[PDB]
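Here is the structure we will look at, set down as structure tokens.
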Amino acid sequence: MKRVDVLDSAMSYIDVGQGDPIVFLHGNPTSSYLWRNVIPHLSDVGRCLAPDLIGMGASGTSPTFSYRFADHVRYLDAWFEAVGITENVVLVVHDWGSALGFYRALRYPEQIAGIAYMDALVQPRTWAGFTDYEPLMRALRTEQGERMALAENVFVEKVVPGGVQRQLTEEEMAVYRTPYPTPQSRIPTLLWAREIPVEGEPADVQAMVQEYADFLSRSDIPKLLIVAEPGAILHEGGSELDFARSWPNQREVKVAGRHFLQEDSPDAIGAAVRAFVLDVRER
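Everything in the sequence shown is counted per PDB author numbering, starting at 1 for the first residue and increasing by one.
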């Protein structure tokens, strides 16, 4: 991994391969490690960059514990500018990485060659779309959340294995746990749960996500929707997957998986993203 100073912290990132950039953005509570088996399908056809968000993975932390979605937008923006990833970018995005990638595309669409997304935040959420995650996520957004996320590390210890069909190995869990040895290191995982815009709140995030949803539902940027079966955020019958399927200039590929589909079908995801990247570069 490389590392670059960004604002008051420092962001580690994978950087492998040559040519136009392919930027892989993870979400909660993961890191670039989530892409480790997808990237080898791309590193001979582009320059694969996968940053660890601040507070996460191998990156530095926020000295002011500034971990709202807007803070991560600012940190990741500084990363795009410091590394120089501002032209012909294919974004490959998941979970909160998709909100970061989509918001980047909204503000700098002339930099974005295409977007491949999966179990993504494509519009503000409703409680029904959470399906069987609704109890947990409702609780994290009450005063129970400090105990569940910080004292008990629920996102790593329960949500990650719960979102993988196969059995994660002990080495893989050890990696996912590594950024979060203490309660006070787990604040980003709790913030990510509380920042989800759900039926109007938080209103500032809701406006940002609504703005990029309106934009992408009218954008001719080429898109690849990877649908996991059964998936999680984007699932058959759900209102969010239905909205996603409304977007223009888009093709869809289906793979096996739950929320963390990269742990179950990395080779099929990689094949689909590779074909998409080659198509995009042909223009």
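Note that the Cβ used here is the ideal one computed from N, Cα and C, for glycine as well.
| Asked | Found |
| --- | --- |
| Given 8 Å, three or more beta-carbon pairs between the stretch 189-200 and the stretch 74-94 | no |
| Check whether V4 and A82 have beta carbons under 9 Å apart | yes |
| Beta-carbon proximity list for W127, same chain, < 8 Å, skipping 5 on both sides | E134, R138, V198 and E199 |
| Whole-number beta carbon distance between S59 and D52, since they are thought to touch under 8 Å | 4 Å |
| Inter-residue spacing [alpha-carbon to alpha-carbon] between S219 and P21 | 20 Å |
| CA nearest to the CA of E201, picked from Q123, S66 and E240 | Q123 |
| Pick from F65, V73 and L25 that is closest to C48, judged by C-alpha positions | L25 |
| Entirely enclosed alpha helix (DSSP H) segments - the stretch 16-84, minimum 4 residues | 69-83 |
| Close beta carbons around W96, own chain, < 6 Å, minus the five adjacent residues each side | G27, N28 and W192 |
| Those residues which DSSP pairs with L121 across a bridge | Partner(s): none; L121 has no beta bridge. |
| Residues sharing a beta bridge with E229, DSSP | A256 |
| Short Cβ contact (9 Å threshold) for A228 with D264 | yes |
| Strand pairing of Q250, partner residues [DSSP] | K223 |
| The stretch 137-157 in contact with the stretch 109-118 per 3-pair CB rule at 8 Å | no |
| Residue from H94, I14, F80 and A105 whose Cα sits closest to the Cα of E211 | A105 |
| Best match in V277, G46 and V93 for proximity to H259 [C-alpha to C-alpha] | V93 |
| Helix, strand or coil at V280 [DSSP, three-state] | helix |
| Alpha-carbon spacing of residue 285 relative to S43, whole angstroms | The structure shown does not extend to residue 285, since the chain is modelled only from 1 to 283, so the question has no answer here. |
| Own chain, CB closer than 7 Å to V73, minus 5 neighbours either side, in chain order | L100 and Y103 |
| Cβ separation of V255 and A268, assumed to be a contact under 8 Å, to the nearest whole Å | 4 Å |
| Rounded separation between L225 and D242 - CA only | 12 Å |
| Segment limits, alpha helix (DSSP H) that includes residue 299 | The first residue shown for the chain is 1 and the last is 283, placing residue 299 beyond what the model contains. |
| Range covered by the alpha helix (DSSP H) that runs through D204 | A203 to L216 |
| Given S32 as reference, the closest of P188, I187 and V175 once Cα atoms are compared | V175 |
| Proximity below 9 Å, CB of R281 to CB of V45 | yes |
| Short Cβ contact (9 Å threshold) for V16 with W79 | no |
| Assigned secondary structure, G114 (DSSP; H/G/I helix, E/B strand, else coil) | strand |
| Closest Cα partner of residue 285 within the set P161, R125 and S246 | Because the chain in this structure spans residues 1 to 283, residue 285 falls outside the shown range and cannot be described. |
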